[PDB]
Every structure is written in C-alpha cells, then in structure tokens.
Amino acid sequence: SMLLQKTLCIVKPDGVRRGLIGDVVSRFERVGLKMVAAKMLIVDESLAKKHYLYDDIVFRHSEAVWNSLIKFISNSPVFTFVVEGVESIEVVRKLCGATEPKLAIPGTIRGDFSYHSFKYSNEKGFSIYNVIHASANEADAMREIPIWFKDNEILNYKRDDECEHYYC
C-alpha cells in the first residue's frame, strides 16, 4: 500500500540532555507506529547543513533562524529514528504538536515536555528548543531519511500488533 509511509524523527540535543528519549519513543510505540531505524550520533556542522537546507529555511523564516538552528544541532548529541505506519507522516506531526512549545497542546510531545516561546527565542538569539524533529511531509521524509540513514539500516519486521493496524 502507498499509504504506508516512513517518516524521519530526531530527538534533538535538548531532548537527549534532558533524558527524554524513552518518553519520546514510547509515544510512537504506544499508538501503534513502528520503529524501523535508529542511531545516536554527534551532529557535525556538515550534516546539520544537509538536514536544514539554507535555501529552505531563509525563504520560510530568516537567516538568523537558520544560523541558530545549525548552532543548536552542530556538535551536539541527537537520537535519530525512522517511524513506519499508515499515513505516519501526518500522524507523527499530530503527536509532536505545534512547533512552538508555548502553543503546543497538552498531550503532545512538545506540549507535555517543553513550554518556552518564539518571542523568547527571538529575544535571546537562540533556536526554539522543542524536543523533537519530524518530517513535515512526504517530500521532506523522502529527502531527510537518506541524509541520516543508509538503505540497509531501515529494517523490515512485524510488530506483534501488526494485524490491528495494517489488518491481516
């Protein structure tokens, strides 16, 4: 089925330094979404720049924004993983909540585990520290996954609750 999608997720340095990795993974395992890849790395500036595209960010935010994003991620630990499921990209975004923790609804990853605002991040010259990245859409997922992951690092296996989600 073409509705079966893979999405790229990153527990960002704030999530990692706060010990929130298990909490994050569980949110996705609990709804029925399937972890099919995972690795932990220090992000060098080179990879950071390959993940957050300069052209993409400055035409949708600003140059200050993109600079502080690279600052946030470069030479800092992350936990990156791929989630697979029925229309997973949209579902993952729903579970993450709004980009701005101040606005993110309770029950979501960002609404439950973070709170600070854009006004504050702007005022301080730092990036928003919002726990998780998730691919915005299908084109983003397709671009992002190979940036973090080799083909042979994406695993194929059955979760025990598969029939409840995919049907059998």
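Quick note: we count residues from 1 along the sequence shown, nothing fancier.
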**Prompt:** For the C-alpha atoms alone, is the average B factor greater in 58-66 or in 130-138, going by the entry?
**Reply:** 58-66
**Asked** In the PDB record, does 115-123 or 30-38 carry the higher mean Cα temperature factor?
**Response** 115-123
**Third of the chain's Cα B-factor distribution that residue 50 belongs to, per the entry** = highest
**Message:** Using only modelled residues of the chain, where does the Cα B factor of residue 163 rank: lowest third, middle third or highest third?
**Reply:** lowest
**Asked** Lowest, middle or highest third: where is residue 75 by Cα B-factor in its chain?
**Response** highest
**Asked** residue 43: which third of its chain by C-alpha temperature factor?
**Response** highest
**Complete:** The third of the chain into which the C-alpha temperature factor of residue 150 falls is the highest
